[PDB]
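In structure tokens, the next block holds one chain alone, the form deposited in one PDB entry.
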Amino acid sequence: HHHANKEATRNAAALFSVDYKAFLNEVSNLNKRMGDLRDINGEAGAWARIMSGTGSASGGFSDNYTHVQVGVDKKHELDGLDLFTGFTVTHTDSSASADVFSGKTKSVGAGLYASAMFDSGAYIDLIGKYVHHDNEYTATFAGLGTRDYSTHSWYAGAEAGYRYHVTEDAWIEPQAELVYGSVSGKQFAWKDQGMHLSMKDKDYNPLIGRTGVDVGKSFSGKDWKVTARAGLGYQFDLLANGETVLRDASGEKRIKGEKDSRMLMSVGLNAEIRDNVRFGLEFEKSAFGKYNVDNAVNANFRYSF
């Protein structure tokens, strides 16, 4: 009984964890979503972004995702402050697998942001969104077969940082970010070998913290600019209030959520071409976590006018 129970627990936990990755895939930061929003003349904007990535964890879990996003905003000009207020829509296709399961998630989201760029070098970014997830996963363990189900998520994220110019052309930028969410629970009930089995998890609420530093060196001409940049951060769960319940003939079993944390590493660039066009690009990975991003690439483009 004990061996059987460990296996089921490991398998259930692996499967249900895709809901955790789903959520984490939609967490980003200002520079990754918007590019560099400093010293922009135009009073309106339209932008787009693509991210592609792969990650992994024990049990042979691997995943990779494609995240597409577009938004539009107005920039209000204030005393030493530009405040961008706008809307955004996102699409994510992700695929995932491990020793005992396989499948795909499809996500559509919408939201609202405000980004506040201060002349002093300070910034605040606030974002609220809703994401709807269609999921299809196939396991072989337990006789669970194929399962389709929906989930949804709410996101409320706040980021602050400060760009200190060490030289006319070199800079350092400490940053802090806090992202609060929700994730809908689901239940499977099925039969295997004449026996009623069951698997259910409650709604839960991620809180994800990040602290880090970016550093940058810029180069310019009259009608162009390029900044090379790099950065080191620490990303960490502050809660793990999820719980899965396994239930069979013999009895119940509760598996509680565990916190994960990882070190974030990245390198890239933001370009300015003439008056309306900006482009940003980063390569990223993480180290030291149960789940790490093994590599990912983010591109964004903004047209300001």
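Only the largest set of C-alpha atoms that superpose within 1.5 Å between the two forms is called the rigid core. In this text, residue numbers run from 1 along the sequence as written.
This next part talks about the form deposited in another entry, which is not shown.
Just one of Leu238, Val68, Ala44, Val267 moves its Cα by 2 Å or more between this form and the one not shown on a rigid core overlay, and this residue is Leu238. With a cut-off of 2 Å and the rigid core superposed, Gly53 has a Cα displacement that falls short of the cut-off between this form and the one not shown. Comparing the forms between this form and the one not shown, the C-alpha position of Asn276 differs by less than 2 angstroms, with the core used for superposition.
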